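Visitor: One structure, pasted below without further comment.
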Amino acid sequence: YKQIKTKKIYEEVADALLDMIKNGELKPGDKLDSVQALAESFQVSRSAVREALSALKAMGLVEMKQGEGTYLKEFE
Ligand code: NA
Ligand code: NA
């Protein structure tokens with residue numbers, strides 16, 4: 001029961017972001033914090049955050065509005 005999955009660091013970060021989506025902290029259409037801000041908040045490298053955001057992008061959860069920021073997808 002307490003045989004918890006072990007994960008790579010970027011996967012811990014991706015899961016924390018998914019959690020925030022589920023709990024309504026990060027809402028569809030919201031601009032995500034910068035890589036630097038997320039790295040500091042999660043106590044990980046910029047590299048880990050970028051890999052986590054690539055994972056979310058591959059899940060179709062992320063987009064760009066023209067440019068200058070990463071946004072949670074609002075409309076599928
Ligand atoms: Na592993
Ligand atoms: Na973490």
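Ordering of the structure tokens sets the chain letters (A, B, ...); residue numbers start at 1 within each chain; ligands are numbered from 1 in the order shown.
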Find the residues around residue 41 (chain A) up to 12 Å (only C-alpha atoms counted), leave out those fewer than 6 positions away in its own chain, and share them as a ChimeraX atom specification.

Guide: /A:13,16-17,33-35,49

Visitor: Can you spit out the residues from that selection as an mmCIF file, in the first residue's frame, using C-alpha atoms?

Guide:
```cif
data_model
loop_
_atom_site.group_PDB
_atom_site.id
_atom_site.type_symbol
_atom_site.label_atom_id
_atom_site.label_comp_id
_atom_site.auth_asym_id
_atom_site.auth_seq_id
_atom_site.Cartn_x
_atom_site.Cartn_y
_atom_site.Cartn_z
ATOM 1 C CA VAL A 13 7.610 18.561 -11.003
ATOM 2 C CA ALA A 16 2.967 18.848 -8.803
ATOM 3 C CA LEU A 17 1.768 20.947 -11.757
ATOM 4 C CA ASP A 33 5.143 31.285 -13.906
ATOM 5 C CA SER A 34 8.523 31.569 -15.643
ATOM 6 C CA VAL A 35 10.949 28.680 -15.634
ATOM 7 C CA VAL A 49 11.260 22.540 -15.056
#
```

Visitor: Enumerate as an mmCIF file with N, CA, C and O atoms, in the first residue's frame all residues of region 28-61 of chain A assigned to alpha helix (DSSP H) by DSSP on the backbone, naming them with the chain letters and numbers the document uses.

Guide:
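Below is the file that was written, states.cif:
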```
data_model
loop_
_atom_site.group_PDB
_atom_site.id
_atom_site.type_symbol
_atom_site.label_atom_id
_atom_site.label_comp_id
_atom_site.auth_asym_id
_atom_site.auth_seq_id
_atom_site.Cartn_x
_atom_site.Cartn_y
_atom_site.Cartn_z
ATOM 1 N N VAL A 35 10.130 29.834 -15.982
ATOM 2 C CA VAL A 35 10.949 28.680 -15.634
ATOM 3 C C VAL A 35 11.712 28.986 -14.347
ATOM 4 O O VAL A 35 11.829 28.144 -13.451
ATOM 5 N N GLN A 36 12.268 30.193 -14.251
ATOM 6 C CA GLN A 36 13.072 30.541 -13.106
ATOM 7 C C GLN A 36 12.235 30.515 -11.831
ATOM 8 O O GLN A 36 12.654 29.962 -10.800
ATOM 9 N N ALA A 37 10.995 31.069 -11.900
ATOM 10 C CA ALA A 37 10.119 31.148 -10.759
ATOM 11 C C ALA A 37 9.693 29.752 -10.335
ATOM 12 O O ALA A 37 9.653 29.422 -9.151
ATOM 13 N N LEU A 38 9.377 28.894 -11.324
ATOM 14 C CA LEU A 38 8.953 27.525 -10.981
ATOM 15 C C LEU A 38 10.145 26.752 -10.379
ATOM 16 O O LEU A 38 9.989 25.908 -9.486
ATOM 17 N N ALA A 39 11.352 26.956 -10.931
ATOM 18 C CA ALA A 39 12.523 26.269 -10.399
ATOM 19 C C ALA A 39 12.726 26.622 -8.923
ATOM 20 O O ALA A 39 12.991 25.738 -8.091
ATOM 21 N N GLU A 40 12.668 27.908 -8.613
ATOM 22 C CA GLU A 40 12.837 28.335 -7.236
ATOM 23 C C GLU A 40 11.742 27.751 -6.356
ATOM 24 O O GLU A 40 12.052 27.252 -5.292
ATOM 25 N N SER A 41 10.463 27.819 -6.784
ATOM 26 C CA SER A 41 9.342 27.306 -5.997
ATOM 27 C C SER A 41 9.453 25.808 -5.695
ATOM 28 O O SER A 41 9.139 25.387 -4.579
ATOM 29 N N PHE A 42 9.884 25.006 -6.674
ATOM 30 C CA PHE A 42 9.956 23.567 -6.555
ATOM 31 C C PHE A 42 11.311 23.094 -6.050
ATOM 32 O O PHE A 42 11.511 21.907 -5.819
ATOM 33 N N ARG A 46 16.436 24.729 -13.534
ATOM 34 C CA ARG A 46 15.708 25.216 -14.700
ATOM 35 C C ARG A 46 15.482 24.087 -15.673
ATOM 36 O O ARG A 46 14.384 23.970 -16.268
ATOM 37 N N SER A 47 16.498 23.218 -15.793
ATOM 38 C CA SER A 47 16.433 22.109 -16.716
ATOM 39 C C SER A 47 15.276 21.170 -16.401
ATOM 40 O O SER A 47 14.625 20.691 -17.323
ATOM 41 N N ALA A 48 15.076 20.859 -15.110
ATOM 42 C CA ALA A 48 14.016 19.975 -14.664
ATOM 43 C C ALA A 48 12.668 20.593 -15.005
ATOM 44 O O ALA A 48 11.738 19.890 -15.371
ATOM 45 N N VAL A 49 12.517 21.884 -14.739
ATOM 46 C CA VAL A 49 11.260 22.540 -15.056
ATOM 47 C C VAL A 49 10.970 22.466 -16.542
ATOM 48 O O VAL A 49 9.829 22.222 -16.924
ATOM 49 N N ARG A 50 11.973 22.764 -17.365
ATOM 50 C CA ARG A 50 11.746 22.708 -18.800
ATOM 51 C C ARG A 50 11.317 21.304 -19.236
ATOM 52 O O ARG A 50 10.447 21.142 -20.116
ATOM 53 N N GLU A 51 11.926 20.237 -18.666
ATOM 54 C CA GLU A 51 11.540 18.888 -19.051
ATOM 55 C C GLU A 51 10.095 18.608 -18.620
ATOM 56 O O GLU A 51 9.377 17.850 -19.274
ATOM 57 N N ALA A 52 9.710 19.113 -17.452
ATOM 58 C CA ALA A 52 8.354 18.958 -16.950
ATOM 59 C C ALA A 52 7.361 19.669 -17.882
ATOM 60 O O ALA A 52 6.328 19.094 -18.212
ATOM 61 N N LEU A 53 7.697 20.872 -18.297
ATOM 62 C CA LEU A 53 6.793 21.620 -19.197
ATOM 63 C C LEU A 53 6.740 20.942 -20.550
ATOM 64 O O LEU A 53 5.647 20.937 -21.131
ATOM 65 N N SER A 54 7.835 20.356 -21.017
ATOM 66 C CA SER A 54 7.758 19.587 -22.263
ATOM 67 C C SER A 54 6.823 18.392 -22.105
ATOM 68 O O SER A 54 6.125 18.035 -23.064
ATOM 69 N N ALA A 55 6.823 17.744 -20.946
ATOM 70 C CA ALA A 55 5.958 16.598 -20.694
ATOM 71 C C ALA A 55 4.495 17.069 -20.740
ATOM 72 O O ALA A 55 3.663 16.413 -21.380
ATOM 73 N N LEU A 56 4.197 18.213 -20.131
ATOM 74 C CA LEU A 56 2.816 18.699 -20.144
ATOM 75 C C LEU A 56 2.420 19.078 -21.569
ATOM 76 O O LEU A 56 1.239 18.979 -21.928
ATOM 77 N N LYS A 57 3.343 19.651 -22.333
ATOM 78 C CA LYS A 57 3.080 20.062 -23.711
ATOM 79 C C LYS A 57 2.727 18.856 -24.567
ATOM 80 O O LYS A 57 1.818 18.947 -25.393
ATOM 81 N N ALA A 58 3.471 17.761 -24.388
ATOM 82 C CA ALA A 58 3.198 16.478 -25.036
ATOM 83 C C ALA A 58 1.843 15.869 -24.660
ATOM 84 O O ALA A 58 1.315 15.030 -25.393
#
```

Visitor: Can you pull out every residue from chain A that DSSP, working from the backbone, puts in strand (DSSP E), and format the result as JSON, numbers by chain?

Guide: {"A": [62, 63, 71, 72]}

Visitor: Please compute the CA of residue 27 (chain A)-CA of residue 69 (chain A) distance, one decimal, in Å.

Guide: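 That distance, rounded to one decimal, is 15.0 Å.
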
Visitor: For the atom pair atom 1 (Na, counted along the ligand's line) of ligand 2 and CA of residue 66 (chain A), what is the interatomic distance in Å to one decimal place?

Guide: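 Calculated distance between atom 1 (Na, counted along the ligand's line) of ligand 2 and CA of residue 66 (chain A) is 29.4 Å.
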
Visitor: Give me, as an MDAnalysis selection string, all polymer residues having an atom no more than 9 Å from residue 61 (chain A), counting only C-alpha atoms and skipping those fewer than 5 positions away in the same chain.

Guide: chainID A and resid 28 56 71:74

Visitor: Give me, as JSON lines, the closest atom pair and its distance (Å, one decimal) for every residue of chain A within a cut-off of 9 Å of ligand 1, counting only C-alpha atoms and all ligand atoms, rows sorted by chain and rising number.

Guide:
```
{"residue": "A:5", "atom": "CA", "partner": "ligand 1", "partner_atom_place_in_ligand_line": "1 (Na)", "distance": 8.7}
{"residue": "A:6", "atom": "CA", "partner": "ligand 1", "partner_atom_place_in_ligand_line": "1 (Na)", "distance": 5.9}
{"residue": "A:7", "atom": "CA", "partner": "ligand 1", "partner_atom_place_in_ligand_line": "1 (Na)", "distance": 5.0}
{"residue": "A:8", "atom": "CA", "partner": "ligand 1", "partner_atom_place_in_ligand_line": "1 (Na)", "distance": 5.5}
```

Visitor: Save out the residues we just selected, C-alpha atoms, as a short mmCIF file (atom, residue, chain, number, x, y, z; two decimals), in the first residue's frame.

Guide:
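Result file is part-v3.cif:
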```cif
data_model
loop_
_atom_site.label_atom_id
_atom_site.label_comp_id
_atom_site.auth_asym_id
_atom_site.auth_seq_id
_atom_site.Cartn_x
_atom_site.Cartn_y
_atom_site.Cartn_z
CA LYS A 5 6.14 4.95 -7.27
CA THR A 6 9.59 6.47 -7.64
CA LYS A 7 9.91 9.08 -10.37
CA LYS A 8 12.56 11.25 -11.99
#
```

Visitor: When you count only C-alpha atoms, which of these residues is closest to residue 10 (chain A): A:70, A:31, A:60, A:44?

Guide: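 Ranking A:70, A:31, A:60, A:44 by distance to residue 10 (chain A), first place goes to A:44.
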
Visitor: Work out how far CA of residue 12 (chain A) is from CA of residue 75 (chain A), in Å to one decimal.

Guide: 26.2 Å

Visitor: For ligand 2, which residue out of A:62, A:20, A:32, A:9 is the nearest one, using only C-alpha atoms and all ligand atoms?

Guide: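 Using only C-alpha atoms and all ligand atoms, the shortest distance to ligand 2 belongs to A:9.
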
Visitor: Between A:4, A:64, A:14, A:21, which residue has the minimum interatomic distance to ligand 2, considering only C-alpha atoms and all ligand atoms?

Guide: A:14

Visitor: Closest to ligand 2 among A:65, A:19, A:11, A:76, using only C-alpha atoms and all ligand atoms?

Guide: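 Of the candidates, the smallest distance to ligand 2 is held by A:11.
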